[PDB]
Amino acid sequence: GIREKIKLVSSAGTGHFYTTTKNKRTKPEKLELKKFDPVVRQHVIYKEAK
Amino acid sequence: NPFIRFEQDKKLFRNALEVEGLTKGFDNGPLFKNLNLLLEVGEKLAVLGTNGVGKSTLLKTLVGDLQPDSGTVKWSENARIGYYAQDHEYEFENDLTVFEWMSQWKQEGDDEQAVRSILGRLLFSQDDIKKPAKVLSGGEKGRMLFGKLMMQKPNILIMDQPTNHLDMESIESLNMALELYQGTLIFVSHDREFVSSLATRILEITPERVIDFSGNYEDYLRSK
Amino acid sequence: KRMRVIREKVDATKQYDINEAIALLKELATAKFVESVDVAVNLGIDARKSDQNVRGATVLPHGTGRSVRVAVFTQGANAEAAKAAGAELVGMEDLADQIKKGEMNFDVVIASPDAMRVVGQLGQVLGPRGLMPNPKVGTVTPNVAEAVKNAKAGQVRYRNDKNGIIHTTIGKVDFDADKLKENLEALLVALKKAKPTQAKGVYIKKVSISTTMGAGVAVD
Amino acid sequence: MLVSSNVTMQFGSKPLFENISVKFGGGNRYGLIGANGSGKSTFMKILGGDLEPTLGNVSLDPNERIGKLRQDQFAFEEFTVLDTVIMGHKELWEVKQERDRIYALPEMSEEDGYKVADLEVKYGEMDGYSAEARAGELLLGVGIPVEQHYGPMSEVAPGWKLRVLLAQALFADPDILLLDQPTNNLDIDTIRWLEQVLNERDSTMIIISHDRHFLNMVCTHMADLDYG
RNA sequence: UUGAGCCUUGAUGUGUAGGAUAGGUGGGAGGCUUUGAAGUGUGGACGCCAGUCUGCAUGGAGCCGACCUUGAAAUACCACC
Ligand SMILES: Nc1ncnc2c1ncn2[C@@H]1O[C@H](COP(=O)(O)OP(=O)(O)OP(=O)(O)O)[C@@H](O)[C@H]1O
Ligand SMILES: Nc1ncnc2c1ncn2[C@@H]1O[C@H](COP(=O)(O)OP(=O)(O)OP(=O)(O)O)[C@@H](O)[C@H]1O
Ligand code: NA
Ligand code: NA
């Protein structure tokens with residue numbers, strides 16, 4: 001529907017991303033969640049991308 | 001085509017302006033010497049002149065912001081002055097939103113409705129009013145100041161330079177809005193068609209004599 | 001006379017040889033002067049780009065033929081070491097505001113990183129002419145004693161114009177022809193060594209040794 | 001000899017111009033027009049490369065010069081008139097500010113040693129030693145008198161303020177994204193003046209003004225951005 | 001007839017402030033001039049209109065340069081563009 005797909009690309013430098021959905025009409029700003037990066041095995045920040 | 005119309009609140013009857021002698025000059029030869037003036041409740045008084053002769057400094061001291069070496073400007077008994085400055089950027093600050101910024105300007109209307117309609121009448125969609133009022137651009141900055149005088153209902157108007165960023169359709173709406181306006185306004189515009197069609201009583205500024213009045217501005221140039 | 005007779009005698013349509021060029025260069029002898037003859041090499045770069053610029057200094061085996069009044073604007077121990085190198089200045093701003101204000105100029109500028117005084121003292125007068133030694137060119141270096149000897153040794157400086165062509169002093173007529181050839185080879189090799197990395201196309205196209213008061217002849 | 005490329009932008013709900021795909025080049029001046037509050041100013045703001053779009057179609061030409069007059073004609077009441085014109089050269093301005101922290105620095109560091117030399121050699125390479133004089137002749141050439149060269153921009157009439165801001169844009173650049181709505185300078189005399197300057201200059205320029213007559217005399221192509 | 005590229009030569013290109021319509025790099029301050037000059041009158045062309053400019057003999061052999069306000073020096077000179 002109105003909810004489209006984004007990917008949260010990690011900030012640890014490695015290429016890893018959690019893919020989710022986000023409604024843009026209500027909120028046009030980015031998403032920032034501290035998630036787990038299996039490449040470096042640590043909890044790092046995941047800024048929205050794509 | 002935004003739909004704007006200005007309506008009065010008390011409608012003074014005899015006259016508005018009273019200027020005896022202005023003699024205001026910043027750091028050079030004074031831009032005007034005396035400028036005896038009277039408005040007489042109407043007389044849309046298009047101030048004119050080439051840029052750099054001080055038509056905006058005349059209006060700024062005509063409203064009482066810049067103190068002149070004059071002897072006061074003597075507004076009427078119940079004048080409600082509405083100002084649309086040539087530069088308008090101090091108003092759009094402190095990161096109020098579109099709905100927030102518009103809301104404080106009112107006297108009797110309600111806060112939720114009757115200000116959404118006025119703000120939304122001039123082409124502001126539902127999702128356009130939930131963003132900061134400083135991020136607006138150009139005509140929307142101008143369109144706010146037209147809406148600002150909607151609810152204020154200024155009995156006497158100024159409109160320093162109204163047709164600046166408007167998109168050739170708001171100009172047709174603004175030209176129509178001031179045409180049926182009842183009351184007094186003292187504007188200075190630079191284009192010809194806006195001044196020509198809109199009612200006028202010319203006061204051109206050239207060094208040193210300030211020529212006053214020739215009628216329609218279709219006759220002011222015809223006299224040349 | 002000479003400027004209208006050197007034109008027909010020496011033709012620019014044909015490209016000459018190195019050995020002949022030095023011989024014809026001294027062949028003129030029309031103008032009695034020091035005649036510091038020189039060469040302008042058409043470097044192939046895009047001077048519009050800031051990464052293709054060539055700006056450095058090199059030393060010739062025989063020298064420039066003249067000692068530059070290398071004032072040392074390096075306050076501290078550099079002045080003590082540079083006092084025995086033959087410098088006409090000490091490390092301070094004294095030779096830049098009163099000495100360098102009404103004074104005309106020095107020959108070269110020796111810089112000391114420990115003193116940020118002569119950097120602004122020259123300003124639009126001592127720097128507007130380009131006399132300020134670039135930090136990467138060795139004019140302003142961590143030390144002052146080593147550079148002073150090399151500066152007097154004939155550390156020639158070369159920069160591109162707006163087009164990207166380089167010409168700097170190589171020697172005088174008083175130097176014998178064999179000396180000049182080695183001096184020319186010293187410039188070309190260091191110029192070729194310092195040629196940048198984003199330099200598409202052929203680098204050296206035209207090389208033309210010229211007289212101070214005469215003409216210039218193509219070499220290759 | 002180069003051209004520009006495509007972009008796509010959105011500041012929230014209902015994205016604005018949705019996969020634009022255009023090219024600007026040659027000598028023709030694309031007059032860009034559009035209704036209020038729809039692309040235009042922010043479309044070519046993206047083109048300047050200072051801010052990047054959301055969908056990111058990208059439009060690159062990083063070799064030649066871009067000079068941009070903007071809509072905020074009062075964005076500098078502080079800088080003196082000579083400083084605003086010099087600041088039109090972005091590389092020169094940013095270099096000078098970090099260079100100018102010499103007399104404001106009472107103590108110098110070791111790493112500052114060659115840093116001040118590194119900035120100064122860049123200053124001379126792009127010949128900032130004439131920027132004040134180079135602008136002055138140009139600034140005098142657009143009609144600004146000498147006596148106000150060193151004065152602040154706060155004390156300059158807005159009609160005059162466009163003549164300074166156009167001189168800032170004209171800094172030897174073979175394209176200009178002109179946000180010039182000749183708002184204050186509508187003397188007809190000054191309007192007729194600005195029509196000669198742009199017409200007799202060969203550049204792949206863009207003009208955005210709402211003046212129907214002004215777009216006739218100058219622009220050759222139009223790039224209306226109306227529906228989507 | 002008209003566009004586009006290439007070679008060759010010659011011309012060509014200030015306000016701020018001056019003796020002057022000085023493009024950039026600085027090698028240098030002595031070249032230039034009678035392989036006919038200073039100034040004189042005589043004609044193009046160009047010209048943010050003062051002037052560059054070169055066919056012109058006669059007149060016939062001194063002009064330039066350094067200095068001087070300048071961000072910068074100077075058709076004084078040649079070359080590489
Ligand atoms: N604060 C000030 N200090 C010094 N001079 C000023 C100041 N304000 C205005 N001036 C000068 O006095 C005159 C008044 O110009 P002003 O700013 O009032 O606009 P204006 O002449 O009406 O111009 P426009 O038609 O372009 O809007 C101008 O010549 C301006 O340069
Ligand atoms: N920072 C921002 N983030 C998101 N959306 C924005 C932002 N700034 C502006 N917008 C939106 O983009 C619209 C277009 O603004 P823009 O600056 O492009 O004006 P414009 O259409 O060129 O107007 P004018 O012709 O009056 O200059 C605004 O009305 C606003 O809704
Ligand atoms: Na004004
Ligand atoms: Na805009």
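Residue positions begin at 1 at the first shown residue.
Cβ atoms here come from the backbone N, Cα and C positions, even for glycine.
These features come from Swiss-Prot:
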MOD_RES   C:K100  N6-succinyllysine
MOD_RES   C:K149  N6-succinyllysine
MOD_RES   C:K181  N6-succinyllysine
MOD_RES   C:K192  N6-succinyllysine
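Of the recorded residues, C:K100 (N6-succinyllysine) and C:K192 (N6-succinyllysine) place their C-alpha atoms 37 Å from one another. C:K181 (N6-succinyllysine) counts 16 other C-beta atoms within 10 Å of its own C-beta, drawing on all protein chains shown. The two recorded residues, C:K181 (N6-succinyllysine) and C:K192 (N6-succinyllysine), show a Cα separation of 16 Å. Recorded residues C:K149 (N6-succinyllysine) and C:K192 (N6-succinyllysine) have their alpha carbons 25 Å apart, per Cα-Cα distance. Highest local Cβ density among the modified residues C:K100, C:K149, C:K192 belongs to C:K100, counted as other Cβ atoms within 10 Å over all protein chains shown.
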